[PDB]
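Throughout, protein chains are lettered first and strands after them, A, B, ... in sequence-line order, and every chain is numbered starting at 1. Side-chain atoms are counted along with the backbone in the values below, which use heavy atoms only and exclude waters and symmetry mates.
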Amino acid sequence: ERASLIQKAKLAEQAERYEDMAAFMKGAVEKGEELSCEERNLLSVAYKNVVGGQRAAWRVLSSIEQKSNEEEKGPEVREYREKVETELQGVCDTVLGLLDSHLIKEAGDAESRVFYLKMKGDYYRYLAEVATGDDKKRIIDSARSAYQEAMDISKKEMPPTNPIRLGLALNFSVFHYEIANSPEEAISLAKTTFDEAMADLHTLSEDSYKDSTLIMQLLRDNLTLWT
Amino acid sequence: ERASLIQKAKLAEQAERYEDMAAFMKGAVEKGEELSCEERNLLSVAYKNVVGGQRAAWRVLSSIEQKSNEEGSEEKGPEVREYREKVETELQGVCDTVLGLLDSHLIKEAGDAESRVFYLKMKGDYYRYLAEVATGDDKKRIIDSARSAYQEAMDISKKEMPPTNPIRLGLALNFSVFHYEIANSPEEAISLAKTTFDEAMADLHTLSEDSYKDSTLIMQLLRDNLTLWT
Amino acid sequence: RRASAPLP
Amino acid sequence: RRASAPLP
């Protein structure tokens, strides 16, 4: 069954059926076994596509709700925006459940532990986008902690040019600016990360250079936007 | 409430949640009431988007299945067939939902020719999508049901619609696509596409800005297919 | 690739 | 609009 779920997940990606992919990957994870670099990526692509479409949907329905509150689509927008929010919360809870009960625990390489802790921080960040009061602050603490535990491992056992490290630092600085309300901690983090990787670009093969400079460009783009 | 389902359906379109839209429209149709031009379009957009994504998915999984069979991939393999059949069943079910809504609420309760042609173009379309994935016994029976609805619609549109009408043009385009791709008649397809293009061309001089732009869009698709088929 | 009627 | 880490 496990190989068959991984196969149908590769097929679901090709047909651009990401909720199907998501279900095939969750089932592959649930088998209890560890994920290879490939499986780890299929799990990331599946859910990032599922939740990305739910986030973009939520952004539109909140935009319409804001306008209708500027006065009378109001009752229908709130019911439906809350419906799309519950579907989002459920997808993030499925991912966070897979991370906390199977993936983070059963992780060997520091590289895969940082990968899963970046995922954990990300899904708590998406949860915090739509959260409101009591729950919002508890989610923001859970996001910070997971991003911090990952930053520590990546600083201690990963090169500054590593794309997981760069991607983690990018997401954490996005967390600081957008969620945690700290633009200075975001600019400080983004500049530092860009500079450390820049210093060691001279030691990368064609493929690695392309993978690192892609995320480095996103770091500096955000820097341009925030300054 | 019916207005509340139509509202959530307009919202679902904006957020590009077409399966949600589909569900809100089916529920609006199920109320028993007639659809306006707007509601009909929401019903069309919802389902054409749902089924379009299932068709494109089926096309990919058949393409992969052909290649895995060509290579004798003994293990790569049953999984494409299981999954392609799964995506096919979801498609068959969506078409059966639309055709059910059509035969039991929409075609019967059609206020005029314009809506009746609109609904009969839908019936022919959804039977054509069904025929793209069908195999033997069922395939020929489904091809007969697409031609029936497309013919009954052609008759009404020739008798009570101008040749420039976008539903008439869209109907003729889909029917000529049915002839070429499904029915195996390229000559009936070319004959139908040329005739339709010419009749509308003759009456373009009598259309306002909004009218001209809607008709010449479909006329361009008619002639594009003609270029491809000749 | 051929074209069929667009969305209304 | 800001950017976050891309898909692997």
ask   = Is A:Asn41 reaching over with its side chain to a backbone N or O of D:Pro8, donor-acceptor style, under 3.5 angstrom?
value = no
inquiry  = To check you understand the geometry: which heavy-atom pair defines the closest contact between A:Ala150 and A:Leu117, and what is its length?
reply    = CB-CB, 3.6 Å
key: Donor-acceptor pair, side chain of B:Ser73 and main chain of B:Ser68, under 3.5 angstrom   = yes
Under 3.5 Å donor-acceptor, B:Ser44 side chain and B:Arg40 backbone = no
query = Would you call A:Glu39-A:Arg2 a salt bridge at under 4.0 Å N-O?
reply = yes
inquiry  = Taking CD in B:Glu16 as the centre, count heavy atoms belonging to other residues, nucleotides or ligands within less than 6.0 Å. Is the count above 12?
reply    = no
query = Can you list the steps and then say if A:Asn49 with D:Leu7 is a side-chain contact (heavy atoms from CB on, under 4.5 Å)?
reply = CA-CA 9 Å; A:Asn49 272 280; D:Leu7 250 355; 3.5 Å; yes
task = Evaluate side-chain contact (heavy atoms from CB on, under 4.5 Å) for B:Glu75 paired with A:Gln7, printing each intermediate quantity in order.
result = CA-CA 10 Å; B:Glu75 76 299 303; A:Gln7 191 45 256; over 6 Å; no
ask   = If every non-hydrogen atom of A:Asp200 is compared with every non-hydrogen atom of A:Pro160, which pair is closest and at what distance?
value = OD1-CG, 3.9 Å
task = Decide if atom CD of B:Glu38 counts as having more than 12 heavy atoms of other residues, nucleotides or ligands within a radius under 6.0 Å.
result = no
Gap between atom CG of B:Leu221 and atom OG1 of B:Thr216 - 0.5 Å precision = 10.5 Å
key: With sequence neighbours excluded, residues passing salt bridge (charged side-chain N to carboxylate O under 4.0 Å, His left out) with B:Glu65   = B:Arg84
ask   = Taking C-beta and beyond as the side chain, do A:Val50 and A:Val95 meet within less than 4.5 Å on heavy atoms?
value = no
inquiry  = Using side-chain hydrogen bond (donor to acceptor under 3.5 Å, both in side chains), reason through A:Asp122 and A:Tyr147 one step at a time and then give a plain yes or no.
reply    = CA-CA 8 Å; A:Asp122 283 350; A:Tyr147 277 149; 2.7 Å; yes
ask   = Is A:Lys137 paired with A:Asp141 through a side-chain N to carboxylate O contact shorter than 4.0 Å?
value = no
key: Under-4.0 Å salt bridge between B:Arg128 and B:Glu181   = no
query = Taking side chain as C-beta onward, heavy atoms only, is A:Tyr123 less than 4.5 Å from A:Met119?
reply = yes
message = Just checking A:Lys83: does its NZ atom have more than 12 heavy atoms from other residues, nucleotides or ligands closer to it than 6.0 angstrom?
response = yes
remark   = Distance col, row A:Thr203:OG1 vs A:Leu201:CG, nearest 0.5 angstrom, shows 7.5 Å
key: Spatial distance of atom NZ (B:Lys123) from atom CG (B:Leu106) [nearest 0.5 Å]   = 11.5 Å
query = Taking 4.0 angstrom as the limit, do A:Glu79 and B:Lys8 come out as a salt bridge?
reply = yes
task = Check whether any side-chain heavy atom of A:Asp211 sits under 4.5 Å from a side-chain heavy atom of A:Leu204, and report yes or no.
result = no
query = How far apart are the closest heavy atoms of B:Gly170 and B:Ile218, and which atoms are they?
reply = N-CG2, 3.8 Å
Any donor-acceptor pair under 3.5 Å from A:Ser154 side chain to A:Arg165 backbone = no
ask   = Does some side-chain heavy atom of B:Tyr47 sit less than 4.5 Å from a side-chain heavy atom of B:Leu43?
value = yes
task = Verify the neighbour count for atom CD of A:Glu206: are there more than 12 heavy atoms of other residues, nucleotides or ligands below 6.0 Å?
result = no
task = Enter the distance from A:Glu196:CD to A:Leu166:CG here, rounded to the nearest 0.5 Å.
result = 10.0 Å
key: Side-chain heavy atoms of B:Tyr180 within contact of B:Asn225, under 4.5 Å   = no
query = Does a donor on one side chain sit under 3.5 Å from an acceptor on the other, for A:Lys105 and A:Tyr116?
reply = no
ask   = Any side-chain heavy atom of A:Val84 within less than 4.5 Å of one from A:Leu88?
value = no
inquiry  = Quick check: closest heavy atoms across B:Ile142 and B:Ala131, and the distance to 0.1 Å?
reply    = CG2-N, 3.7 Å
pair A:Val51-A:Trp58: side-chain heavy atoms closer than 4.5 Å = no
query = Where do A:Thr94 and A:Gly90 come nearest, in terms of heavy atoms and distance?
reply = OG1-O, 2.8 Å
task = Could you please spell out the steps behind the side-chain contact (heavy atoms from CB on, under 4.5 Å) verdict for B:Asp96 and B:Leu130?
result = CA-CA 9 Å; B:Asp96 292 336; B:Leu130 274 177; 4.0 Å; yes
Whether A:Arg113 side chain and A:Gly108 backbone form a donor-acceptor pair below 3.5 Å = no
request  = Apply the test side-chain hydrogen bond (donor to acceptor under 3.5 Å, both in side chains) to residues A:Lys67 and A:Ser63: give CA-CA distance (whole Å), side-chain angles for both, the deciding distance (0.1 Å), then the verdict.
outcome  = CA-CA 6 Å; A:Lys67 290 155 201 175; A:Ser63 169; 2.8 Å; yes
query = Got a second to check how far A:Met216's CE is from A:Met198's CE, nearest 0.5 Å?
reply = 5.5 Å
inquiry  = Are A:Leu214 and D:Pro6 packed together at the side-chain level, in the sense that at least one heavy-atom pair is separated by less than 4.5 angstrom?
reply    = yes
inquiry  = Could you check whether atom CD of B:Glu74 has more than 12 heavy atoms from other residues, nucleotides or ligands sitting under 6.0 Å from it?
reply    = no
Run the side-chain donor-acceptor check on residues 17-28 of chain A: report pairs under 3.5 Å with partners two or more places apart or on a different chain.
| from | atom 1 | to | atom 2 | distance (Å) |
| --- | --- | --- | --- | --- |
| A:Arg17 | NE | A:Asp20 | OD2 | 3.2 |
| A:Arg17 | NH2 | A:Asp20 | OD2 | 3.0 |
| A:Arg17 | NH2 | B:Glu90 | OE1 | 2.9 |
| A:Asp20 | OD2 | B:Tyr83 | OH | 2.7 |
| A:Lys26 | NZ | A:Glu30 | OE1 | 2.8 |
| A:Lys26 | NZ | A:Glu30 | OE2 | 3.4 |

request  = Return the minimal non-hydrogen interatomic distance between A:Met151 and A:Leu189, and the atom names on each side.
outcome  = CE-CD1, 3.7 Å
ask   = What do you reckon, is CD of A:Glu184 surrounded by more than 12 foreign heavy atoms closer than 6.0 Å?
value = yes
key: Short side-chain to backbone donor-acceptor contact, A:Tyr124 and A:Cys92, under 3.5 Å   = no
task = To the nearest 0.5 angstrom, please state how far the CG atom of A:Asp109 sits from the CE atom of A:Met158.
result = 9.0 Å
ask   = Can you pull the salt bridge (charged side-chain N to carboxylate O under 4.0 Å, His left out) pairs that have at least one residue in residues 218-227 of chain A, sequence neighbours excluded?
value = none
query = Got a donor-acceptor contact below 3.5 angstrom from the A:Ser208 side chain to the A:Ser205 backbone?
reply = no
